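Start counting the sequence shown at 2; every next residue gets the next number (the authors' numbering). The structure appears below as structure tokens.
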Amino acid sequence: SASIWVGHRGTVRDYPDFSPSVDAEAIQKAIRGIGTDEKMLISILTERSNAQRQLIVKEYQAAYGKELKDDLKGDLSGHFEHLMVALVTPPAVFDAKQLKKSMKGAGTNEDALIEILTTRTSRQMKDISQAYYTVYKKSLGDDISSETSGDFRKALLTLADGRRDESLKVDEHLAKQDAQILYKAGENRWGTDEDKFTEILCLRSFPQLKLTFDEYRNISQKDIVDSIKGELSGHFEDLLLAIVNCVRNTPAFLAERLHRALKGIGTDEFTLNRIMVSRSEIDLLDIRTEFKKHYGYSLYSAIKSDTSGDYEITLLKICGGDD
Ligand SMILES: [Ca+2]
Ligand SMILES: [Ca+2]
Ligand SMILES: [Ca+2]
Ligand SMILES: [Ca+2]
Ligand SMILES: [Ca+2]
């Protein structure tokens, strides 16, 4: 058992000298009474992996009959609070909540839905579905079904099932047939067979899709991206382009979401928090590399320019270093 939630390029790793008891006691002393030692909280939680944080949570419950997340919510405020609670939340539960949050109210955050459902693996998606049910007592699919529609809805429902092929094997025969199908379902006909785009881009493994995009280019003499932009529109178009970019370079896709979250008028702290926390033990190092390659400046400096206080320090600790 390797964590489906832990990858090879994260910025946060297991603290080797970890002691749950010592950490829980330190956290308790830090929030206990008037004031809060935010510095102590930062020092500990950003320097422990999520798995260790879960052990601290368990220990804190045992020793104080208190839920660590509730004490954090009672003492902390703002972005710093949200970030800190995010850090102590199990990964599948964090994603499930982010998903609920993106569908909550009169509006839907299509970009957040796209981001999460396209970057999570089938295994993580199965975990997220289970967590969603546990926390909401409703399936993710039911919620998606009700807050979206059209082709966008159908593609999100296919991804939420976590049925994408996980095999390591590829089928050149299959890649050619699929590339022919995509060609025939789009460019080669008036209108588009949207369902066929959804089926192939959502159920074939990433490796398989990379072959299919090569064959497609051969058949059509155009990139799959060109076809998608010409045949589709709206959120559906955005979702399929997201799938293509993730197949080719997931860290660059996420580097781009971070970039938009930090630029313009007003930082999108929720996108920032989500990406920083959820990819910290997976590929934040690669996201850093891509961000710098694409924008010319490191993620570390982007954080430093648009954020401040304890919130900034925590993000910088998660970030891990400059590039
Ligand atoms: Ca306090
Ligand atoms: Ca809504
Ligand atoms: Ca067409
Ligand atoms: Ca159609
Ligand atoms: Ca278009």
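Backbone N, C-alpha and C define an ideal beta-carbon position, used for all residues, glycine too.
- When secondary structure is reduced to three states using DSSP, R280 falls in the helix class.
- Counting of Cβ neighbours within 10 angstroms places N51 among the buried residues, the total reaching 16 or more.
- Across the structure, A180 and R124 are spaced so that their CA atoms are roughly 26 Å apart.
- Considered as a whole, the region 30-87 harbours 39-46, 51-65 and 69-76 as its complete alpha helix (DSSP H) runs of no fewer than 4 residues, in chain order.
- As the crow flies, the alpha-carbon of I319 is around 10 Å from that of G11.
- For the options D24, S168, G151 and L73, the alpha carbon positioned closest to that of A64 is the one of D24.
- The region 292-299 makes no contact with the region 141-154; the number of CB pairs closer than 8 Å stays below 3.
- Spanning the alpha carbons of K98 and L285 requires a straight line of approximately 21 Å.
- A heavy atom of ligand 3 is found nearer than 6 Å to the CB of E232.
- For a cut-off of 8 Å, the C-beta gap from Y298 to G322 is around 14 Å, too long to register as a contact.
- Annotation: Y16 to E238 spans about 42 Å, alpha carbon to alpha carbon.
- Distances between the C-beta of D76 and the heavy atoms of ligand 1 include at least one below 6 Å.
- Cβ-Cβ distances below 7 Å link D166 to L204, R205, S206 and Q209 in the same chain, with the five nearest sequence neighbours on each side left out; the list follows chain order.
- Here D324 is actually not in contact with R280; their C-beta atoms are around 15 Å apart, not less than 8 Å.
- When only Cα atoms are considered, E313 and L73 end up about 18 Å apart.
- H236 is the residue among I5, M85, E82 and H236 whose C-alpha sits nearest the C-alpha of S150.
- In this structure, ligand 4 has no non-hydrogen atom nearer than 6 Å to the beta-carbon of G322.
- Residues whose Cβ lies closer than 6 Å to any heavy atom of ligand 2, listed in chain order: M104, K105, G106, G108, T109 and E148.
- Here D196 is exposed: its Cβ has fewer than 16 other Cβ atoms, across all protein chains shown, within 10 Å.
- Relative to the non-hydrogen atoms of ligand 3, the Cβ of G187 comes within a distance shorter than 6 Å of at least one.
- Note that the C-beta distance between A262 and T272 is below 7 Å.
- Exclusion of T199 from the 6 Å shell around ligand 3 follows from its C-beta lying no nearer than that to any non-hydrogen atom of the ligand.
- Shown here, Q222 sits in coil according to DSSP, grouped into three states, outside any helix or strand.
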